[PDB]
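Shown next, in structure tokens, is the structure this report addresses.
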Amino acid sequence: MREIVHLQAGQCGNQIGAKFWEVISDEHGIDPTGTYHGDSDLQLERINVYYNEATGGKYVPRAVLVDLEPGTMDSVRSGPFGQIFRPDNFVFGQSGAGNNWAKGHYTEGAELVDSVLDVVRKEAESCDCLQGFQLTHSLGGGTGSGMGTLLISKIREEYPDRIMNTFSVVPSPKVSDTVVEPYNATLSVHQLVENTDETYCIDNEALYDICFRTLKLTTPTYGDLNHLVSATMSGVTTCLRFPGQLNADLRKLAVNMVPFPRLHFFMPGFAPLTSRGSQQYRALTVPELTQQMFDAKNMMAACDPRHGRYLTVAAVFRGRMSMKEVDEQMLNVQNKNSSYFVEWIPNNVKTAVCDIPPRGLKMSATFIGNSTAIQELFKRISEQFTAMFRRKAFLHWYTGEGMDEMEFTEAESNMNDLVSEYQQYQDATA
Amino acid sequence: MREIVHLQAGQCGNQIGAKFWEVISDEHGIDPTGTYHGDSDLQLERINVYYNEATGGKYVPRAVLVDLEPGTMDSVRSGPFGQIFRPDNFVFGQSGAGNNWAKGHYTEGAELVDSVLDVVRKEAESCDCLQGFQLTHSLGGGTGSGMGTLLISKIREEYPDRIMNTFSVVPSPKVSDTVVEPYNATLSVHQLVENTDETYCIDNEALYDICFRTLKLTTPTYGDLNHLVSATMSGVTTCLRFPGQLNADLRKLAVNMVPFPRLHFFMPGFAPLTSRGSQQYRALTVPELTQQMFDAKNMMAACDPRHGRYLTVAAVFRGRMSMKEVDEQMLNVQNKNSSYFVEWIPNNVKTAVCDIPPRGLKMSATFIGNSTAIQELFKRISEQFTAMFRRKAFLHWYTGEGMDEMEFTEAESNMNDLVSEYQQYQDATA
Amino acid sequence: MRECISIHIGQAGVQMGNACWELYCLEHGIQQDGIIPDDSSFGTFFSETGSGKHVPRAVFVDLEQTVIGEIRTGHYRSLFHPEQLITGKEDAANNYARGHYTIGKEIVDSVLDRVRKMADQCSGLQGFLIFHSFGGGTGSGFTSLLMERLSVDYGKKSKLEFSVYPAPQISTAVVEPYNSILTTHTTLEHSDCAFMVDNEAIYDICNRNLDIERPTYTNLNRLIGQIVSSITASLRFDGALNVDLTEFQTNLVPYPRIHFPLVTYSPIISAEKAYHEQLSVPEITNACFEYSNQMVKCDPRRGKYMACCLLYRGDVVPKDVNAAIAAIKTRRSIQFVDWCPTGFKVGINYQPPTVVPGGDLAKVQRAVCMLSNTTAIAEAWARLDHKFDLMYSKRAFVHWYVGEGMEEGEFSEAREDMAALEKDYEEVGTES
Amino acid sequence: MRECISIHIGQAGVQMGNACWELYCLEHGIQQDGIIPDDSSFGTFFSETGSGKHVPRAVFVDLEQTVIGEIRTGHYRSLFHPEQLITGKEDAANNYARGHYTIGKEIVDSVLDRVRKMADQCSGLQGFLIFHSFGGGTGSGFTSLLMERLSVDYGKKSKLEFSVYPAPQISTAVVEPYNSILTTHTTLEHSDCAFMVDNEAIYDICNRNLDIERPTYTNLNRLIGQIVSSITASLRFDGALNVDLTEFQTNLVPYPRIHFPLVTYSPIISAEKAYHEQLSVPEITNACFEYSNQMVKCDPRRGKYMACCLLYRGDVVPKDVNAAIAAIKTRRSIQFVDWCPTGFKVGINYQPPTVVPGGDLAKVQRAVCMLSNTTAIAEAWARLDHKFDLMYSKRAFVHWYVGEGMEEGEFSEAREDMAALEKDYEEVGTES
Ligand SMILES: Nc1nc2c(ncn2[C@@H]2O[C@H](COP(=O)(O)OP(=O)(O)OP(=O)(O)O)[C@@H](O)[C@H]2O)c(=O)[nH]1
Ligand SMILES: Nc1nc2c(ncn2[C@@H]2O[C@H](COP(=O)(O)OP(=O)(O)OP(=O)(O)O)[C@@H](O)[C@H]2O)c(=O)[nH]1
Ligand SMILES: Nc1nc2c(ncn2[C@@H]2O[C@H](COP(=O)(O)OP(=O)(O)O)[C@@H](O)[C@H]2O)c(=O)[nH]1
Ligand SMILES: Nc1nc2c(ncn2[C@@H]2O[C@H](COP(=O)(O)OP(=O)(O)O)[C@@H](O)[C@H]2O)c(=O)[nH]1
Ligand SMILES: [Mg+2]
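Residue numbers (PDB author numbering), protein chains in the order written: chain D, 1 to 430; chain E, 1 to 430; chain a, 1 to 38, 45 to 438; chain b, 1 to 38, 45 to 438.
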């Protein structure tokens, strides 16, 4: 029932994937060897939502790991948690992309994508009712940006009806860990707006801002940032895996959070977030929790929601809670910050409540937002792209792998329209 | 009742034979000394299907071993399993064929074939109801190709009514272990289409593709390839040796799998196949088993079934199983790949279920297929033959042993017709 | 991750490599006898064998038997496969023509055979690291040959190199400008990016930071060993945000010809001097953005940075690397070109450096190597072009070349090609 | 498997055989005293006796008493049956006529008697291995005699030979072309296939790969011993995909006259040099497809291969042999003729080689011998025909022959016969 098949591409995707499966195995109480050892019957009732079953209780998660070179996958297989995955699901090349979109999409990803599809179909036929596909990748890289967009299109063609959501790391506003991020970022968006139903944009700088600001843990390695991302994405799929008073669904969020087809880029949020030690001087009641979801300080997207306006918002609560407050606070929130929401939508907040909170907690709310302020990000990428493309800064690495600069112009033009479309809804009614 | 007398010719036949009898002795639980030591009464109820009985429980299998030189037979007699065979059944010459068809069929095989017939008749008269004959040989060689075709004709004349099936190794597509394979291969087919009821074509390259692809065992010696072949052929005869819900028969498969007389060349398949260690991360239920039978990856014939169309297909299951799925999956398979099957046959799948699975397993399915794609193999041999025969590349080794090149033209012309006949059924109805 | 092939051409490249391969042996704990003491990393740079002795995956070529003979008879004799050590009969004598036209071609084919017999025995292959100089015959002429031949036989695979560029004022040969320009011309069209280094700058650093008054070649070539090990750290050791070999060119090469990123390493501190230093991330990160820290003596503030890679090593804080780099982007003295707002490429590997027994440098818990591409390097080319014009204007050394199968017009073509490169930098130095 | 008879004619064949039979003794552990130490294989090459002393099944003939006398008095004296060692009174003196017409026939009948008395005492019989040279009297003229006589008395049985072909430039006698062509003419119609070998090529290999500066006949003839033992390995040792003696001709002889497959062996590596090598299947398989690895100094790329047998030895992976051969079929430089798409014949025997005590070659765990038939060998015949035309044009040595019962017209007939063979190769070298 509503099985999810997970796709992970690129070094960031695999590393987020690897952490992402540790938590779900923890939530369901699954041993690293693949043997269920939980304590709640509700963990087995829906264990098929992520995990296949082989005789003997060995639960094999249906994740598809693809990277153009064995580097990151070998670490996963050698990691403590790597024995759980099926050996076949790993798909590895012998020459990784050099961060360039073309090689990982056209010349190298093409030779490997067919191999991946051969395994994704086997996962699809093994599920009685495959809900949709989930992809974790990064726009900055080549393997994640290229083969993820190459593969997201191929699975789109075969299963147009199913949901296909994505979690992607987006270029930071002022720091860049790769020189050619705008080219890969712009090219990847063009291919995504046309094929993906929703995208939870995240960026490291915004997530860095969480580590030291609300938490107090200096030196947060990527292994910790991924945990925050891991927790948020596991919240979106909770209703599919545990009972609740007001169950949500991957399609439920898509319907509510996507007014128009193209404007499906969201930005997530999570709570409660508090540093260890200082945790005991704070309450865990619903009111303070809700305020933590509607402030820029707890936004994982570098864009500040204040500058823009909210279109649609979904709050997915967990744990035993008062449904009154779960809806009274949303009404007060909307009246307090009425200026932050557009007038042409009479109500914007979507509420869902689940019964089982996260492991080690008794309350949790994964915030999701669809605000016009994200246009600033894409506008920023447009600013960087036009600067570089105005002098053909690095086009020769791209055109040398079977590509034409005409595509770059097409992607830039499409990106500008996406920014324009968001802008048109800044204005009020009439 | 329905006794089988086994014939093995050539180095490949004896080596496959030798492994072939180890498994059947294992299935029935027969000690290498010839003393039955099994644990199921069903092994003795049909022990006469392969094994004669001499007083004292010494069960003497009725296999006829013929090779033009003592080389390979001496190894068998010296092998750990060689004491079981009757000393008389071994027939050995003193000058092996030099891979040339003529010497092993006309000048040297003729002097030895009469000796073999003297023993085959003794086996035939010792059986109350001799079902048919089984031959294991290779087309590439001289002894297997020549004396096997010489002997298959002689036994055909004496017992026209009985079944006479064969397991033969067929030249690989791009590698050849003998320079003159096309000559021996083409000559041997001409003499087989006219005398044999069914042929399970196999090739090493396709079987090599299994060893490292689905299994993970690099350095697979011939001693392991023969085991796969051993297992498949033992599956065809299972219903004759153990009870089942829907029993099959050597004649049952021939009737269903042979629409027209000449088009009797099949290509086998076996499952489950999984590497040790990784076996525990896979389920053994019927569904995943069936999909493994209808993909080129698990075909022991180098020809890929996708290029062609299926005419008739027989699935011989084993072990305790749900007959519903054993027939529900076939219906889904046919609708999924309707394009892969010809329209002029309303239904193409033949199902048989046995009660006793293979030793060390609880599920098994020996796939058999009759697809038009095999024409590519014979067409390839035609391509090689015309190239060599266009310059009389090696005809002098053949004409020097009592042969005329007119025979080569006859064999080439017949081979082309066989290819044409397969092609005529590519088209759809009307 | 998979294999790389190291080619060491000329006395400089051959002598530099022996120091580099000493590090690889130490990092993976490989004995100089070749036998690993009783894991997945060494496969990239070392070839397995039935015995426990791993064979380094590199080739050494030098027309003068003397240099390789020292290695072939030194304590590291057993490490290298005997047939990988290719030696001619006579030296190239600092003449570009000899090492490229007359005697270079007499032995080039043999080198290709062993590389072909070596590249064929690697399931995966990343590219080539070529070590050489700009001021010698074998290291300049033979290099140009292999760039051509390897480009044909193994084209579209990465071709990297570490070249000892002619220092501004200190000079070790009279014909450096003649030989320096010639190799540059032939290697521009058949190379990915060159990691320039100057002994003058390294000497300036060694007496300044390392605080040893009397350095030597046996000393400096080791520091050049550190940059190589840091550069190739991603291919061997696991760590967050790895950087494969093919990634360097994409980030550091905006244009095909403009592929000369000078190397910069930090922190170079002696064992005793280190006890009074803290080695924070900004400290080591700031060390790479000043005239006083370069392996090439080009004043960076004269030009503008256009690409920078900070390949961090050891236990590192990605949060601080992100923060430390951001500050450097907002300093007026530092000036990135207008058309490259995205001017950083971070890489972290969880393997702090290892110290050569008796090494001068300290046991830093964390390290970083910068590979910035800057327009200030055009000054080095501009100065070098001035030297060539002075000599060739008087035609004062051509005769040694014309007698070795090199036509007169080659000199004119090279400078005119270099002149275009000078203008190419100037055009990129402005904004349209 | 059953018996084979080895005939060693001439100084070369007799001297080569003594090295070959040393291997057979070592492989089966037979003592040089002839007594096997306190199984089913040695019956092929050795004859049983009431005592434990096995008698080798071979015959030695040499018109010059000196060569056999060394064997008849050497430490291997007791191994051989005394009557098998046939010796004349005077040498053939490098003259073809003497060893074929005057003195060769005076002792040929005695040799036939012992072979007849030897062939009669084998329940089974495969054929003959004849060892000889092309540049001597006894090894060239007496060979032609036995090919004729053995063909009549034991026709339709395999007749193989290993012949020391005249090297291209190094020459050990003045009348090699005269004597070389004559034996070729008479042996074409009475032979199955000849395994050509050149001392020049072997010397080139020995100083190149084996790495010993001063080889000798006592050294080279041993390597020729390895090819024989590998070739006859199927008849003795068990293994997957055996290759009987009669199989060689069918695969390697597309046409009756075209039966000259040159031998190639791999890997030739010294004991010390081997520790840095891995010896993978493609490595040893690739060694056989280059000009640098041949027992005959013919550049294979000049011509096209038309038949190749790879008789693998020792613990081998049939999967890799199938894969390794496939790659060689898809290289442009390698070029099989159009009319033979099926150009390989694999054979594996589970018996890794054995090392002669004090042998130069290493203890390889796996071995392969290639017997490719190539049109490039026509160059060797073409060059040899050029030498004969130069001399016979001046009639500069005929007088030594006419005085030994050889008519003048024989020389003309031979060359015209060789000329047709040259054209025969040319016709096969193209496609109709
Ligand atoms: N870093 C470093 N530089 C070196 C070393 N040896 C030589 N050099 C530099 O290399 C240049 C001289 O080139 P060499 O490598 O000696 O000359 P070569 O390549 O052998 O060329 P020929 O001898 O002319 O055939 C000068 O700039 C030297 O300072 C070394 O061990 N380390
Ligand atoms: N490989 C090898 N070649 C040899 C040996 N002895 C001689 N040769 C070669 O054989 C040729 C000379 O022929 P021989 O065999 O010495 O002469 P012969 O057969 O005794 O003939 P006559 O002495 O003329 O009666 C030359 O090409 C020699 O290089 C040997 O032990 N091994
Ligand atoms: N959250 C997170 N981001 C990562 C991780 N590793 C790399 N990234 C990000 O991914 C981007 C680099 O892309 P990468 O996936 O390594 O390249 P690819 O392998 O070519 O797809 C940068 O924006 C990094 O910040 C990780 O473990 N966690
Ligand atoms: N499957 C299998 N094939 C073999 C074996 N031995 C030889 N062959 C194949 O048989 C062919 C050679 O023929 P062979 O039977 O040796 O020649 P013969 O003795 O003259 O019939 C080649 O295609 C080999 O790949 C074996 O043990 N198993
Ligand atoms: Mg002599």
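All C-beta atoms, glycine included, are put in the ideal place defined by N, C-alpha and C.
Fully enclosed by the region 293-326 of chain E, which beta strand (DSSP E) runs are 3 residues long or longer? Entirely contained in the region 293-326 of chain E, the beta strand (DSSP E) runs reaching 3 residues are, in chain order, 310-318.
Mind checking whether the beta-carbon of b/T144 lies closer than 7 Å to any heavy atom of ligand 6? Ligand 6 is not part of this structure, which contains only ligand 1, ligand 2, ligand 3, ligand 4 and ligand 5.
N-terminal and C-terminal residue of the beta strand (DSSP E) that E/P171 is part of: Looking at the DSSP string, E/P171 is not in any beta strand (DSSP E), and its letter there is neither H nor E.
Among all residues, which have a Cβ less than 5 Å from at least one non-hydrogen atom of ligand 5, and in what chain order do they fall? Cβ-based neighbours of ligand 5 within the cut-off: b/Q11, b/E70.
What residue range is occupied by the uninterrupted alpha helix (DSSP H) comprising residue 44 of chain b? Coordinates for residue 44 of chain b are simply not present: the residues of chain b run from 38 and resume at 45.
Take every Cβ of the region 209-223 of chain a, pair it with every Cβ of the region 185-199 of chain a, and state whether three or more of those distances are shorter than 8 Å. At 8 Å Cβ cutoff, the stretches do not touch.
Interface flag, E/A18 vs chain D, CB-CB below 8 Å: Not an interface residue.
What residues of chain b sit near E/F408, judged by a beta carbon separation below 9 Å? Counting only Cβ-Cβ distances below 9 Å, E/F408 has no contacts in chain b at all, with the closest Cβ about 15 Å away.
Contact set between a/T55 and chain b, taken where Cβ atoms lie within less than 8 Å: Chain b residues near a/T55: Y281, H282, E283, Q284.
So with Cβ pairs under 8 Å, would you call D/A54 a contact of chain E? Yes, D/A54 counts as interfacial toward chain E.
Spatial neighbours of b/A125 within its chain, please: CB distance less than 7 Å, with the 5 preceding and 5 following residues excluded, ordered by chain position. These residues qualify, in order along the chain: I5, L131, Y160.
Give the DSSP-derived three-state secondary structure of residue 44 of chain b in the structure shown. Along chain b, the last residue before the gap is 38 and the first after it is 45, so residue 44 of chain b carries no coordinates.
Check whether the region 296-303 of chain a touches the region 361-375 of chain a, counting contact only when three or more Cβ pairs, one atom from each stretch, lie closer than 8 Å. Not touching, per the Cβ criterion.
Do b/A426 and b/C304 have their CB atoms nearer than 8 Å? No; because the gap between Cβ atoms is not below 8 Å, this pair is not in contact.
What is the residue span of the beta strand (DSSP E) that a/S6 lies within? For a/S6, the enclosing beta strand (DSSP E) starts and ends at 3-9.
Is a/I113 near ligand 1 - that is, is its Cβ less than 7 Å away from at least one heavy atom of it? Within 7 Å of the C-beta of a/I113 there is not a single heavy atom belonging to ligand 1.
Relative to the alpha-carbon of D/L215, which residue among D/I202, D/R282, D/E181 has its alpha-carbon at the smallest distance? Here the closest residue by C-alpha is D/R282.
Straight-line gap, D/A373 to D/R306 (C-alpha atoms, nearest Å): Each residue's alpha carbon lies about 8 Å from the other.
Could you tell me whether any Cβ in chain a is nearer than 8 Å to the Cβ of b/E206? For b/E206, the answer is no, since every Cβ of chain a falls outside 8 Å of its Cβ.
Should a/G245 be listed as close to ligand 4, given that the test is whether its C-beta is under 7 Å from any heavy atom? No; taking the cut-off as 7 Å, the Cβ of a/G245 has no heavy atom of ligand 4 nearer than that.
So with Cβ pairs under 8 Å, would you call E/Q280 a contact of chain D? Yes, contact with chain D.
Nearest-angstrom Cα distance between b/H60 and E/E69? One alpha carbon belongs to b/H60, the other to E/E69, and they sit about 24 Å apart.
Compute the minimum distance between the beta carbon of a/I274 and the heavy atoms of ligand 3, and state whether it is under 7 Å. No, Cβ of a/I274 sits at least 7 Å from all heavy atoms of ligand 3.
If I measure Cβ to Cβ from a/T108 and keep anything under 8 Å in the same chain, skipping five residues before and after, which residues do I get? Within the same chain, a/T108 has close Cβ partners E410, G411.
Mind pulling the chain D residues with CB within less than 7 Å of a/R2? Under the 7 Å cutoff, chain D gives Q94.
Return helix, strand or coil for a/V404, following the three-state DSSP convention. Note: a/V404 maps to coil in three-state DSSP.
When you compare the CB of D/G71 with every CB in chain a, is at least one pair closer than 8 Å? Interface residue, yes.
Indicate, with yes or no, if ligand 3 has a heavy atom lying under 7 Å from the CB of D/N204. Because some heavy atom of ligand 3 lies under 7 Å away, the Cβ of D/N204 counts as near it: yes.
DSSP beta-bridge partners of a/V67: Paired residue(s): a/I9, a/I92.
Does DSSP classify D/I24 as helix, strand or coil? DSSP, reduced to helix, strand and coil, places D/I24 within a helical segment of the structure shown.
Across the region 335-353 of chain b and the region 162-182 of chain E, are there enough close Cβ pairs to call them in contact, namely three or more that are closer than 8 Å? Under the Cβ criterion (8 Å, minimum of three pairs), the region 335-353 of chain b counts as touching the region 162-182 of chain E.
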